[PDB]
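Take a look at this single chain, the form deposited in one PDB entry, given in structure tokens.
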């Protein structure tokens, strides 16, 4: 039923065929199926690539024909007339199946080439309908790429029997596996979204496709936030990846040394940090953990960060700001009284305990200094050391034995934090030697047993001191060109919010200075 106009175009279009096409028909003696025999044999006669065969004992509609390459039995199936408005749908099916490429976004085409679900699409059309080809062609494309996605386009003029049995007022009308899909306009892009609803949001593929960063900051505590703002203000492409925006301050409650702010709160300062950040062009990535730094193999090239989610980001410059974790005792009641008397930092919370009795857990330098600190502010201090002797510098140990409101207890293992449901009221411990249990009444417990920088993921790539801290010069420079670090994760002598924010800003200005110096062409 091809008109001469269609023939000439079709002859011209089949000249753009690089693979051999076969049309496999299933026909039933009716004059409609005779009309489709004629057509297939007309088309076959127009090209040496195109062969018309027929197999009339297949479990598919009659009349219909599979378009395919030799051997393989995968491709678009038309039932009834592939003419009218669907003429250009038919040329396209032959072309694609014969090696011509899709004229649309190849990213989607790969996405489609990899899909797991088994889908038969059967679209219902009729020859008169103007808006039906775009849906037909769409789902045609799909059937060629992935062999799991089958597609039968159905002319309503030939199957009024199926039009009624299954209600179809209005075409086009598609039916994914004997189930209503959708009607009217649908672009391929739009089709593929809905089909992969039970998709799997590969946000790691989102991340892998991003452009290189001018600076990528790893860690979104105070240090990294501060660095993100200073970087964004220079207008450079800036990224800020971290596990949890706000770092340590988020789990903090009463904060009284953020300079200029007599009293604030962790959740609030963290929100204030997020607001300042969003005042600038900063791609904030949350809930994402860095697992490896790969240093650029040449100056002027790019460093890489690997995430635990399997993504890889790329940056002209990196800033590490991943902080530290204070070690816990891991005893009953420790959790329960976190921020209600059990604390870590003596700098931050010391003043809250004037007049009160406290304990320091840990006999290292950090614990011993902490006790000499608290001793001046508070009424009584009890230091408890797990080992049979204190580890701290002698100078400090003698100074602590000099004060009149302090007790040292050796071989003392804290077993329980006690409180009243609201606040700490005491401590239980055992003598690791005789096994004897003991009780202290107090209002505060300062755990000073070790800081652990979050840097074991950097082993081998940047240099660390012997406590795990990232070694930095005054400019926050690491031993790798174009990698800087700021905050508690580094060798800064002290760990405070106000100190960490200053270092992030430094690291940012140092990173910018390195970008502008990276030479020329």
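In this text, the rigid core denotes the largest set of C-alpha atoms whose superposition between the two forms falls within 1.5 Å. Numbering follows the first chain given and starts at 1.
Comparing 94-102 with 116-124, which has the greater mean CA B-factor as deposited?
If you average the C-alpha B-factors of 94-102 and of 116-124, the larger mean comes out for 116-124.
Between 20-28 and 501-509, which has the larger average Cα B-factor in the PDB entry?
Higher mean C-alpha B-factor in the PDB entry: 20-28.
For the listed residues 434, 304, 439, 187, which one has the largest C-alpha B-factor as given in the deposited model?
When the deposited C-alpha B-factors of 434, 304, 439, 187 are compared, 187 is largest.
Between 205, 369, 214, 281, which carries the biggest CA temperature factor in the record?
It is 205.
Where the record places residue 37 (Cα B-factor, split into thirds across the chain)
Middle third.
Chain-relative CA temperature factor third for residue 168
Within its chain, residue 168 is a highest-third residue by C-alpha B-factor, going by the deposited values.
Compared with the other modelled residues in the chain, in which third is the CA B-factor of residue 488?
Lowest third - that is where residue 488 ends up once the chain's C-alpha B-factors are sorted.
Going by what the PDB entry lists, where does residue 256 fall on CA B-factor within its chain: lowest, middle or highest third?
Tercile = lowest for this residue's CA B-factor.
Split the chain's modelled residues into thirds by Cα B-factor; is residue 468 in the lowest, middle or highest one?
Lowest third - that is where residue 468 ends up once the chain's C-alpha B-factors are sorted.
As for the form deposited in another entry, it is not shown, yet the points below apply to it.
Does residue 451 show a Cα shift reaching 2 Å between the shown form and the other one after rigid-core superposition?
After core superposition, the C-alpha of residue 451 moves less than 2 Å between the shown form and the other one.
Rigid core fitted, then: does residue 269 show a CA shift of 2 angstroms or greater between the shown form and the other one?
Comparing forms between the shown form and the other one, the residue 269 CA shifts below 2 Å.
Rigid core superposed, CA of residue 166 - does it shift 2 Å or more between the shown form and the other one?
Residue 166: C-alpha displaced by 2 Å or more between the shown form and the other one.
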